[PDB]
Each structure stands twice: as structure tokens, then as C-alpha cells.
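In C-alpha cells, one chain follows: the form deposited without ligand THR.
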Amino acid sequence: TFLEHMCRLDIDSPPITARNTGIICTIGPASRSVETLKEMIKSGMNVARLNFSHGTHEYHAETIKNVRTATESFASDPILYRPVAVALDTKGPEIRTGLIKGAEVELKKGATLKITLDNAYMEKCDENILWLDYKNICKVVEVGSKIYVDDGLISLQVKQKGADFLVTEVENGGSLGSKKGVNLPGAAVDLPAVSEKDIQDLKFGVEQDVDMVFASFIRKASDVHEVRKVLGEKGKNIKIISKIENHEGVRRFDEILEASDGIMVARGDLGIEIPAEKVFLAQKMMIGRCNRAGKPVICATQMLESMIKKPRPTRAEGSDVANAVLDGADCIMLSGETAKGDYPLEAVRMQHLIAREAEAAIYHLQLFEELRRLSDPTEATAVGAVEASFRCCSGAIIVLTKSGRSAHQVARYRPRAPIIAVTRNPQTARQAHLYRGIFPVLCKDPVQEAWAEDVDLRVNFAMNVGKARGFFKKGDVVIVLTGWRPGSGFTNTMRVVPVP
């Protein structure tokens, strides 16, 4: 029972399980160097995120170079080599105010504010007529519609809508500077999914051979397909992860999920748009549907922010990170903790520890029996493999895959046993980190002419990796998923093999 699982949790016993959730780290000035990156990889970093909200293409190109230099420095031993994915995080559409002749002119709880659109009234914002770059703001806003300014600092409330201006009352005021960020809860923002700057960044991402794109501010399915279109044919194999940052994204989550390769839950941005007594519900909902759909869900923002200045996180942060894992998140993303903080290596190590500790609180058998309660030969084989992995108490499930799909298919049923995905495709090896329980392995050996010899070679390689990682030892039993004939593109073959 799940209750008994909680009762025998022991804080004095070390985590005997391996970490199954991926760790995504934002690379910046504090972690940009090869030497630091090497230690972060050793500490458990699986994906390197590039925040294109700031920095030039030159800067980021150097960062990508350093990440790959640090990564390939472990290639001298393919058994212990861990693939590292590169993630591009788009800037996305913003709503910014004008320049207060910078400086600030405070407001107060009661006064009025006449929002404008005069494209020359930029350089001088008062405590009355305020400017913003959102041209079509007057047809997606209503009367009574709140307008948060500077990350949920100053809330307004529309009173009069002309045709290209708004009269507002200041709900709660304070300091207000230049080029601040405004949020419109819960309006349907009509800004383009792909800014002209995003089109540049995404183009750059294709040339840099990035593995995935974190698309900011996704509100609908058509936004995702717009990013897809920009990536085009050349970037068709790049995984698109939609970032849910506002109320519309939550409401239209199903169409966004069906259009995406994965989901990022941005709690911080969510907390600005919707009340605090509901954000946890939205998180648990979105994670649940991603798990049900077998698509990767990333939990981001406000993970270990205190570790920017401290070597140790608060227990609240540790509890929040742990509960995200227990919710069913596939990956956890660090931001300023690794980008600009004083302890980037400690943050990665702490995230590893918390993820490992939360593993003990996971009730593996229940999740599978529910995901099974919810035709195709590959689906039956995947279910059969997981079922067999519980029956034999297997040390691992070895999946021979080209694109990664066969491994993802097994991963969606959440077996206790780690999934060793063996591939010769370096990209799918890197992209596999997005899925919980998948331990990607990159085979470098040339193809054998005899198909059964090539399979046996890939299996034995996985066998060696498993022994080295301590997943299993000789005498144990593993489940092996392959195809049947040379280049028949569907995994329908399950094999229960003793560990040699």
C-alpha cells in the first residue's frame, strides 16, 4: 500500500535508488567555463539551457562550444560517457512600458493612470499617462481587467476603452521604472508567437545543432506550429517544449499538449497570472496529463533560488522540488542557481540529492497499473516489457532504438527498472534525457553484417553499462526490446535474458 510506503520512509538511510529524473541547468557567466561545466556534468547535469532573453549569438555560440568541449572530454570511455543535450530558450513576446526619462515616478493606491499608445511618447512616462509597445492592447482587454506591472508589483484596472487608449485606476501602487514587464491576467494576448528576434534565434539554433527548443509564452496550438514552421525541414528533429506561463496556456492546455513534444511548467510566471491557491492545482493537472499522454513535462522556476547566495537551500525549497518529482515531473530545471549564482556546482549536486531522496517516496507499481487501465504491436510489447520487469524484478529494460520513440513508449508506463536506451544516433541519445527513467546510451561500434551479431553487440554494451552503473550484476535478469528483422522499423520483440 502507498500508506505503508510512506510509513517506512527513513531519513537515516541513504538513497539506494538511482536518480531517474533529468536535471536541466541554465548556463551563464558562473558556469560558462569548460572546467566548471566538466564538474557539473559529473554532478548530474543532463541538459544545458541557453537563455536567449539575454546575450548575443556570439556569446551563446561560445557557450555551446564550451558545453560540447566539456561533454566530449568523457568520450574516451563510452561505457561511462554521458550524453549532454543543448536547449535553446526563446526570449518570446514581451509587453514593455516606456522610459520614465531615466529613475521612477511612484504611484499610490487610488490614483488614476491613462495608458496610451503614442509611439513618440516613449521617452517620457508620467504618473498619469503611461506608454507601452502593445499596439493591439485595446481589443483583448475589458473593463475590470487587471493589469500587473513589473512582475506582479503594480496592479491596475481598466475603466475606459477608447479605440487606442485606456483609462485605469491603480489598485495597488509603488515604484515603477523604465522598460518594465507587464502581465495581463487573464487576457488572450495577441502578440505573435514568434517575434522577429525569435526567428533569428531559432535559425541560429538550427545551425548550432541544438536538441530542443523551450518555446516561451505558448497560449495555443497555433503558436507551437508557428515555432515548428520556423524550425522548418532542417530542424524537424528538434524537440519543441512549450512553456506554459499564463492562464490561457492552462485553459487551452490540451490543444497545446497535442501540438507539442513536451511541456514546461513555469510556476513563477504562473504565480503572477493566477492566484496562489490555484497554481499547485494547475501544476498537478498539467503534470498528470503529460504523464497520461506519455510526453515529457519539465518543472521550472523557483526551485533552489536561495542557493544563488547560499551553499544550502531552505527546507521549503527542498520540499517543493521533491513534491514536483512526486507529482510526476520528468525533469527539473535550475535557473539563476547555475547561471549567475555563487554556488552553481552545489546547486546541481543538491538537485541530484533531492531527486534521489524523492525516489524513495515513489510508489512505482500503482502508476503503471493506472496507466495500463487507460491493437498496435509496439504498444503491447512495451506494456509487456514493463509488466515483465515487475514480474522478474528486472535490473533494467534494454531498448534498442533508432529515433528514441520505442524507448519513450516504454517510459510512459513508468517502470521501476531504469530504461537503458541503446542508440547510434547521438541526437536521440541527448534528447532521451527529457523522459523519466530513461538512461540513454550511445553505441559507437560499427554495424555488424550479421543482424543478430549487431543486436548482441548492442545488448552486451548495455549490459556493461548496467553493471558499471550498478543497475544490476551477474545472475540478474533484464528485459530486452528489439526488432525482428534487419531494419524493420517497429519494436515487437521482447526477450527475457539473464545477465551474463
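Residue positions are given as counts along the sequence shown, with the first one as 1.
Heads up, the form solved in complex with ligand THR isn't pictured, but that's what we're talking about next.
K.L.:
If we take heavy atoms and a 4.5 Å cut-off, which stretch out of 460-468, 30-38, 65-73, 433-441 is in contact with ligand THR in the deposited bound form?
P.N.:
In the other structure, the partner sits against 433-441.
K.L.:
Is the gap between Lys239 and ligand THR in the deposited bound form 4.5 Å or less for some heavy atom pair?
P.N.:
Flag for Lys239 set to no.
K.L.:
Taking any heavy atom pair closer than or equal to 4.5 Å as contact, tell me whether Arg82 reaches ligand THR in the deposited bound form.
P.N.:
The answer is yes: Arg82 has a heavy atom within 4.5 Å of ligand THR.
K.L.:
Heavy atoms within 4.5 Å of ligand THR in the deposited bound form is the criterion; list the residues of 444-472 that meet it.
P.N.:
Nothing in the stretch sits within 4.5 Å of the partner.
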